[PDB]
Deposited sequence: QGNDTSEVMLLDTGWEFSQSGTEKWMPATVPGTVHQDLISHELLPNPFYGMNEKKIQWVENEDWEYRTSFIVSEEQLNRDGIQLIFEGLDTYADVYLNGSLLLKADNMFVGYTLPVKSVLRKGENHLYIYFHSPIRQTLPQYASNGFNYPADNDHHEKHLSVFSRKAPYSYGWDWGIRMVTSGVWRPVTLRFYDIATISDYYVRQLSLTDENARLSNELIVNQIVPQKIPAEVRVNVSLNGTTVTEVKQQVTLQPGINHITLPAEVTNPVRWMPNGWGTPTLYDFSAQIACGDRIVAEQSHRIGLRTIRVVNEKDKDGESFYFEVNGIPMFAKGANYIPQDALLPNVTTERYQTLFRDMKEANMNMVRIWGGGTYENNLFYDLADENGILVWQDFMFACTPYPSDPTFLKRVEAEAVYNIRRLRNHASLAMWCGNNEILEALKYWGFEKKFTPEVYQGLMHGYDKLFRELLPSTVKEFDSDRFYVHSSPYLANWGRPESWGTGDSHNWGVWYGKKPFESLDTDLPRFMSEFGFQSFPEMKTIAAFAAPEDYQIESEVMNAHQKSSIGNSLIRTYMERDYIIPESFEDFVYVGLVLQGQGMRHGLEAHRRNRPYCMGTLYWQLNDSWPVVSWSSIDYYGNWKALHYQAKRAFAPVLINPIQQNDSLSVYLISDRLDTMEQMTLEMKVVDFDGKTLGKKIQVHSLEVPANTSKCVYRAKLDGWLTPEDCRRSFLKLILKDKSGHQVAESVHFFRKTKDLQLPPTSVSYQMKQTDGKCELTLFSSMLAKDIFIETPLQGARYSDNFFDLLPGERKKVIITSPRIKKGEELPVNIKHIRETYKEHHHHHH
């Protein structure tokens, strides 16, 4: 790209527990915990009872040192900057006897001029990480109250005083690992003349005919002379130049602001997953001085995203309009992929997005108790067509709002807004998670004096209704901001449900049946969820076999909600026979979470346009644990992920049965209307025999982006109560010429009420390496089958599906670990779980 040289400061690091004077190799980027693990100085934090055994680390200070060589020639570059992309958290950075920086914000990158401090030959970098605990003890002691951050698993809730990942202090699905270290990359850049400080591609307008852009550059010129330069912007697509623009300047010492207009005629639009291609242009900005001294590029998607949040007859709408078209949101809430962030590899990020794209998602919420994710994450969003709802990193508690804290947050907000604002995927900012809800409804007013309660309320506005929205207005002015999710709606207050987004925790915390999701509807569901134990191979990764009960102390260990086990059983008993064995119980819990949650995903799509989106809680896990996730820590899809994929299908046949009657809806998120369609249904018993005749509804239309009822029949006089216990409804949708475009299966009774016949799923297996093709067969219905393998991270073409009486079913299992010579397979189904 340009004449600069970058040195990656990523080898030869050592670390030491302060005071010990003992030093050992470290891996950077990394964490103090991981460095210790690598030297068997801590046990596997995720195993067994090890949480309590690793806590001591957070009471210690930790130092990091590296040496590097700089040549005479490098020292004669005009400028040299040391960039820290992340320091967790209170870090005194020393280079060659100079204190360059007192870092105090995990979420901030720092760029430091170092030429004048560097020496020819060897150079010594030394970082002192103050314990974030010991650092904030005195701050907590000055405060005279304890903030109500219940997810902070310590008597003193110190999390709130630090700009550090909230979940690192513990969460209701997470381990407490209050770590430190150089958590993103360290780079030393040697350069001439200037660097591009920021390159913002600002979209001014977009029509089918023309995209107008403003290319906004901040150049930091490091020499004392005035430098004539030419600024060049090349717009390209797939390696071919689309437009090129050019601007003569004379760069002054310090910051220069340069703006160059560019246009793209007949622009190829970036579209979300399901609606077309996630087209990305390449925008390259160069500073040319006679040599290209500086260059920076962004991949740019050309699209409009408008969040429509307006008063209406139903209350206040909350929806996303994309490229002019109201887009029903289908997705999940995302949390950190690990307790130790630098352990999340490029491959792990790629697989997560594959999992989202494959489940037909078009949106993800990066929830406020994690981090502002790394550049890769948003790059993957961009190229997978997934819209991104970005919370600022505040969750579930009120926070300080003193001048100095607000200054720190302002830096963090400016840094990440500029970092993220060029991404096609970025759709909106949200000030926090559930803080206004908490302040209003979680009983804080009986916990604090009236004066401190008032200070919390005034402090709320300072941060979330003044500082954050005004910063977004300044630096990202065409992006929506909302102060909180949920902004008004509260799950115990039906009158508030028509106003904006909902976290419906009536299911789970309120003990409400899954069927309540058909009647308790939001304008937009930004959270709802249900826990499940992960499958046995994940349990085995943290527990010995003597530990495989629900309430072993092990298992308790890996259940951070406190309530969760009894809720699971309470809900399971409503719909299923509770199995006697721990492993059968784990299996039925996976089925339960998949079935109840997908009934909600279905209600929300069915009730469009009243409801315009659904993001379940939660996509993923940070470690081996019992949680609300659809994918466990090892990347195994639970039933819920397969069920999310089905419920998010572009076209879906949705049968819904209430008050002894059946409706069938056809739901489409396609951009085109389907015409001359036939819905075909037939009642089949568990032995495979059709009851009565096929039912045909011909001449159906399925308009773009609609949910519509095409069929209703009462059960009474159609099927007897015994038929209902003994048969299912198969439903297929076909075009004019009889091509199948969709299919569903419907059961008339709760699973515990079904007269399931004893049966064996037999299978044939054809195994090559990387691969296992299974052909399954059962003469009778096998209900909710789980094809279970011991192979961590094995991917399946399908799983957690009903194998229909007599119907062959092909399933492909893939894994890099499958060898050309036989994969262990155990097939479970509902009837086996009880006598």
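Student: Where does the model skip over parts of the deposited sequence?
Tutor: Gaps vs deposited seq, in order: 1 to 2, 293, 825, 840 to 846.
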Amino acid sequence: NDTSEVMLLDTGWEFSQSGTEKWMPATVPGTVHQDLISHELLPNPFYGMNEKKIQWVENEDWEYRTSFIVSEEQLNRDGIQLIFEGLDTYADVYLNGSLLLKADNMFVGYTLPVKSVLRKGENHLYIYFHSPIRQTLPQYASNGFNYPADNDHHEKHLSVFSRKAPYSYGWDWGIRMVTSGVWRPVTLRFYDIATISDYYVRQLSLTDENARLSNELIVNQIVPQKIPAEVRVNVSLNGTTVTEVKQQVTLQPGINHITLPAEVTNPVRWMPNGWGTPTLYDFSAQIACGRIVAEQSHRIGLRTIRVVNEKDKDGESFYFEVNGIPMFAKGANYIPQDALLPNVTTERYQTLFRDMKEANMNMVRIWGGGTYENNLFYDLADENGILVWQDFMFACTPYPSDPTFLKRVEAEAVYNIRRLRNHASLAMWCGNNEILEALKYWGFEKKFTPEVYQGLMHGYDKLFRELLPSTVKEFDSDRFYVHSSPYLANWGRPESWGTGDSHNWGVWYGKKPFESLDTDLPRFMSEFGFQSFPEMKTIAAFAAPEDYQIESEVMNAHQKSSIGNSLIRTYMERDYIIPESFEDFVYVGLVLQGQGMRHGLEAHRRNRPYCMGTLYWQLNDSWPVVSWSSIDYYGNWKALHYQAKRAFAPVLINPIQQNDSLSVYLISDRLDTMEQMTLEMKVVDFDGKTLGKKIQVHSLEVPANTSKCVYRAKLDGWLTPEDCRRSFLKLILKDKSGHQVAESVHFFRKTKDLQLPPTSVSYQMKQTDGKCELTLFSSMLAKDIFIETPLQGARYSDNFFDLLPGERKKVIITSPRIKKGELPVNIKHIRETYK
From here on, numbers count along this sequence of modelled residues.
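Take the two forms, find the largest set of C-alpha atoms that superpose within 1.5 Å, and that set is the rigid core.
Student: Comparing C-alpha positions in 7 other deposited structures of this protein against this form, with the rigid core used for the fit, which stretch differs more, 360 to 368 or 561 to 569?
Tutor: This comes out as 561 to 569, the stretch further from the shown form in 7 other deposited structures of this protein.
Student: Find the stretch among 543 to 551 and 242 to 250 with the larger RMS C-alpha deviation in 7 other deposited structures of this protein, all structures being superposed on the shown form by the rigid core.
Tutor: Evaluated in 7 other deposited structures of this protein, the stretch farther from the shown form is 543 to 551.
Student: If you average the Cα B factors in the entry, which is higher, 116 to 124 or 167 to 175?
Tutor: The entry gives the higher C-alpha B-factor average to 116 to 124.
Student: Tell me which stretch has the larger mean Cα B-factor in this entry, 516 to 524 or 449 to 457.
Tutor: Stretch with the higher mean C-alpha B-factor: 449 to 457.
Student: Given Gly692, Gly589, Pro185, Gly97, identify the residue with the highest C-alpha B factor in the PDB entry.
Tutor: Out of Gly692, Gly589, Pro185, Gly97, the record gives the largest C-alpha B-factor to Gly692.
Student: With respect to the C-alpha temperature factors reported in the PDB entry, which of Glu383, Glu602, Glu553, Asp476 ranks highest?
Tutor: That would be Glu553.
Student: Ranked by Cα temperature factor within the chain, is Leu280 in the lowest third, the middle third or the highest third?
Tutor: Lowest third, going by the recorded CA B-factors of the chain.
Student: Going by the CA temperature factor in the PDB record, which third of the chain does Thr31 belong to: lowest, middle or highest?
Tutor: As the PDB entry reports it, the C-alpha B-factor of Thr31 lands in the lowest third of its chain.
Student: Comparing against every modelled residue in the chain, figure out the third that the C-alpha B-factor of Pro228 lands in (lowest, middle or highest).
Tutor: For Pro228, whose C-alpha B-factor we compare with every modelled residue in the chain, the answer is the highest third.
Student: Could you say whether, by C-alpha temperature factor, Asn59 belongs to the lowest, middle or highest third of its chain?
Tutor: Middle third.
Student: Going by the entry, which third of its chain does the Cα temperature factor of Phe464 land in?
Tutor: Lowest third, going by the recorded CA B-factors of the chain.
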